[PDB]
Every structure is written in C-alpha cells, then in structure tokens.
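The next block holds one structure in the form of structure tokens; read it before the comments.
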Amino acid sequence: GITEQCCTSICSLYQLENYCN
Amino acid sequence: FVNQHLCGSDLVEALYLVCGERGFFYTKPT
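Which chain is which? The protein sequence lines are A and B, in order. Residues in the first sequence are numbered from 1 upward in steps of one, following the deposited numbering. Residues in the second sequence are numbered from 1 upward in steps of one, following the deposited numbering.
Right under this line is the structure:
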C-alpha cells in the first residue's frame, strides 16, 4: 500500500511524487 | 515543510503539489 507508507508511516514530497505517474 | 503523515485526502493533495498534473495511482490497500 501507498496510502499506508504515508498515513501508516511518513511521506515527503519525494515519496508521494514517486507515486505520480 | 518536512516529512509528515497524509492519507488519501491530504495524501493526494501532497501527491497533487509534488506532481498534480502528472496524476498518481493512490491505491487503497483494503
């Protein structure tokens, strides 16, 4: 899951930008 | 702005600013 690495963990402008195609 | 927690709502917002016009998958592990 990706919404977990951010909501269940931490997420920066790079982690969420690594999800935008 | 430092690393933080964000899900769907505030999560795609972040996905939005980071990319936004690039569109993201934002999958939901249900």
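Ideal placement from N, C-alpha and C gives every residue a C-beta, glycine not left out.
Along the alpha helix (DSSP H) that carries residue i, what are the first and last residues, could you check?
i: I2(A); result: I2 to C7
i: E13(B); result: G8 to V18
Compare the Cα-Cα distances from residue i to each of the options and report the closest residue.
i: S9(A); options: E13(B), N3(B) and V12(B); result: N3(B)
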